[PDB]
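First up is the structure itself, then whatever we jot down about it.
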Amino acid sequence: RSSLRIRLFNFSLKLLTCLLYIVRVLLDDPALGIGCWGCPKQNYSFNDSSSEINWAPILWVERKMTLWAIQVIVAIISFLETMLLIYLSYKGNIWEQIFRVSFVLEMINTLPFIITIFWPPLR
């Protein structure tokens, strides 16, 4: 039953990172300042008259030094285990894994944490 333990751990990992996202949004205050990771954080306001919307608040969310690293760690383990299962079980088909709609959500929500390591300004 070791395979069931692996999926149970992965299920715990996915619910843990979603809750850590809640922890982030609870401790992320935009009015203090929103910017690109250090220098130039810029305060913002919303104008109902001007139809243009500023994307910097949406594009940018402040992440704590502890929070960004632990999410990267959790994402990597979830990334490791899912492709541990993918490489473990082929069952006579190498294709069709990405068209089943679970690979896209796993990959699009995980590797961005991997690429943020390369660029400190993108954390």
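Swiss-Prot numbering applies to chain A: residues 91-213, in that order.
Header lists the method as electron microscopy, 2.7 Å.
In case you wondered, yes, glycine gets a Cβ from its N, Cα and C as well.
When the topology recorded in Swiss-Prot is consulted, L149 and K181 turn out to be separated by the membrane. Non-local contacts of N133 (N-linked glycosylation site) by the CB criterion (under 8 A, 6+ apart in sequence, same chain) comprise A121, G123, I124. Secondary structure of the topological domain 'Extracellular' (127-153) per DSSP (helix as H, G, I; strand as E, B; remaining residues coil): 4 helix, 3 strand, 20 coil.
Outside the topological domain 'Extracellular' (127-153), and at least 6 residues removed from its termini, the chain residues within Cβ reach (under 8 Å) are 114-115, 118-121, 161, 210-213.
Tertiary neighbourhood of the topological domain 'Cytoplasmic' (179-192): none, as no same-chain residue meets a CB-CB distance under 8 Å with a gap of 6+ residues from either end.
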